[PDB]
Amino acid sequence: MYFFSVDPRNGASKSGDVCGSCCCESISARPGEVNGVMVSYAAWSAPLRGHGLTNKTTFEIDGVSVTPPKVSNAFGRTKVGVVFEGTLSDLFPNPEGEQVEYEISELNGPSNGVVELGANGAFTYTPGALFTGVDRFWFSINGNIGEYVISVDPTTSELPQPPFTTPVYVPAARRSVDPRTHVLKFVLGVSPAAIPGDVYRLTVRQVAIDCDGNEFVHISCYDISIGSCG
Amino acid sequence: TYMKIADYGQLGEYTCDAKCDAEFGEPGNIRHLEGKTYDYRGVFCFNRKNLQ
């Protein structure tokens with residue numbers, strides 16, 4: 001669990017443990033983890049005597065280094081209960097000539113089905129009986145990881161098309177704030193498709209509220225660094 | 001003249017720790033009222049013989 005004490009905006013700042021080398025503070029993440037982050041606004045909002053914080057935090061993710069992925073993603077569709085079949089070879093257009101070591105990680109496999117990897121880029125997704133929804137599994141075509149998303153339709157018409165989870169994401173509603181102590185919590189999720197070495201930047205806009213209902217906005221940034229081995 | 005309690009009003013609610021916003025609340029009205037009364041006032045007349 002990461003912890004960060006936000007600068008108080010006093011004209012006097014730069015608390016003890018500071019490694020001058022940037023502006024945005026650092027966060028190290030490993031592809032696959034889903035960790036939890038804390039931020040203590042006590043230093044900035046406690047002097048601003050009022051109703052403390054509010055649940056109007058706003059996050060944004062932009063990448064300062066991408067290194068575009070090698071293998072594309074894909075989408076699959078099938079009705080409820082009916083076995084699905086698909087190919088995994090048109091998803092790795094390689095510039096050079098080399099074999100295709102298809103592999104399915106037992107750690108990032110499906111959650112409501114089973115998959116049998118064939119001999120050449122073929123696989124059988126037999127969805128779970130009495131189940132309808134969206135299900136994924138993370139293949140690895142010769143090292144480059146991508147996700148294959150499948151939606152099993154409840155036999156009536158169809159299901160929508162989900163948005164292909166990003167490398168780094170902050171979940172929709174898993175944050176909270178304790179106005180009694182001015183402490184923010186949220187979750188920081190890293191897809192298994194992130195490439196070790198890249199760096200993503202997370203901006204957090206937190207808004208306090210005075211005794212009457214006006215606003216005190218606060219902006220801070222963080223540099224998430226996708227590094228392998230923790 | 002009578003009186004009509006319009007409403008009662010709220011009284012500041014349930015603060016666990018002092019934030020000092022709803023101190024006095026707001027009270028209601030009493031709305032003094034009034035009202036008069038009316039009357040008919042008709043007449044009629046016969047002469048003496050068409051009545052006798």
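Residues numbered from 1 in each chain as written, not as in the entry; some residues may be left out. Chains lettered and ligands numbered in written order. Part of a larger assembly, values for the part shown. Heavy atoms only, no water.

Its PDB header names cryo-EM as the technique used to obtain the model and reports a resolution of 3.45 Å.

Chain B has the name Major capsid protein, gp9 in the PDB entry, where Agrobacterium phage Milano is given as its organism. Within the Protein Data Bank, this record goes by the title "Structure of neck and portal vertex of Agrobacterium phage Milano, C5 symmetry".

Within the PDB entry, the label attached to chain A reads Collar sheath protein, gp13, and the organism entered is Agrobacterium phage Milano.

(A) Region of interest: the nonpolar core. Residues and elements named next belong to chain A. Membership of the largest hydrophobic core comes to 24 residues, with the highest contact counts inside it found for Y41, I224 and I226. Contributing elements (two or more residues each) for this core: β2 (25-29), β3 (34-40), β13 (183-190), β14 (199-209) and β15 (215-226). Contacts of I226, omitting those with residues within four sequence positions, involve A29, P31, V168, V190, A194, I195, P196, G197, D198 and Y200. In this structure, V71, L88, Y102 and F139 belong to the second largest nonpolar core, which totals 16 residues. (Core = buried A, V, L, I, M, F, W, Y, C linked by side-chain atoms within 4.5 Å. Buried < 20%, exposed > 50% of the residue type's maximum accessible area, 1.4 Å probe, protein only. Helix = DSSP H or I, 4+ residues; strand = E, 2+ residues; numbered from the N terminus. Contact = heavy atoms within 4.5 Å.)

(B) Local environment of the side chain of A:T78. All names here are of chain A. By the element assignment, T78 lies in strand β5 (residues 74-79). Among the polar contacts made by the side chain of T78, one reaches the main-chain carbonyl oxygen of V82 at a distance of 3.4 Å. Not counting residues up to four positions away in its chain, the partners in contact with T78 are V83, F84, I150, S151, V152 and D153. (Polar contact = N/O pair within 3.5 Å; in protein donor to acceptor, adjacent residues only side chain to side chain.)

(C) Region of interest: the pairing of β13(A). All names here are of chain A. Burial runs high along β13: seven of the eight residues are buried. Pairing of β3 with β13, which is carried by seven bridges, proceeds in the antiparallel orientation. When the bridges of β13 are listed, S40 appears paired with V183. Pairing of strand β11 (residues 168-169) with β13, which is carried by two bridges, proceeds in the antiparallel orientation. (Pairing = 2+ DSSP bridges.)

(D) Spotlight on the packing of aromatic side chains. Residue and element names in this part refer to chain A. Scanning the model with the defined rule gives eight aromatic pairs over all chains in all. On the basis of an interplanar angle of 25° and a centroid distance of 6.0 Å, the ring pair of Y2 and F4 is categorised as stacked. Owing to a relative accessible area of 26%, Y2 belongs among the partly exposed residues under this scheme. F4 sits in the buried class, given a relative accessible area of 7%. Grouped by ring-pair contacts, the aromatic residues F84, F123, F137 and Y148 constitute a single cluster. (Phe/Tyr/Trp six-rings, centres within 6.5 Å; stacked < 30°, edge-to-face > 60°.)

(E) Region of interest: the sheet that holds strand β7 (residues 113-117) of chain A. Residue and element names in this part refer to chain A. Strand order in the open sheet made by the three strands is β6-β8-β7, with antiparallel pairing throughout. Here the strands that pair on one side only, and so sit at the sheet edges, are β6 (84-87) and β7. Neighbour-to-neighbour, the strand axes of this sheet turn through a mean angle of 20°, independent of strand direction. Bridge count between β6 and strand β8 (residues 122-127): four bridges; the pairing is antiparallel. (Axes fitted to C-alpha atoms, helices over the stretch in contact; angles between N-to-C directions.)

(F) Local environment of the state of the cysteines. Residues and elements named next belong to chain A. Tallying each qualifying case throughout the model produces one disulfide over all chains. In this model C24 forms its disulfide with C221; the gap between the sulfur atoms is 2.0 Å. With the S-S dihedral at roughly -90°, the linkage between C24 and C221 falls on the left-handed side. Within this pair, whereas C24 is found in the loop between β1 (2-5) and β2, its partner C221 is found in strand β15, the two being separated by 197 residues in sequence. Each member of the pair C24 and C221 is classed as buried. We note that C22 lacks a disulfide partner, and the nearest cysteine sulfur, in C24, lies 6.0 Å from it. (Disulfide = S-S within 2.5 Å.)

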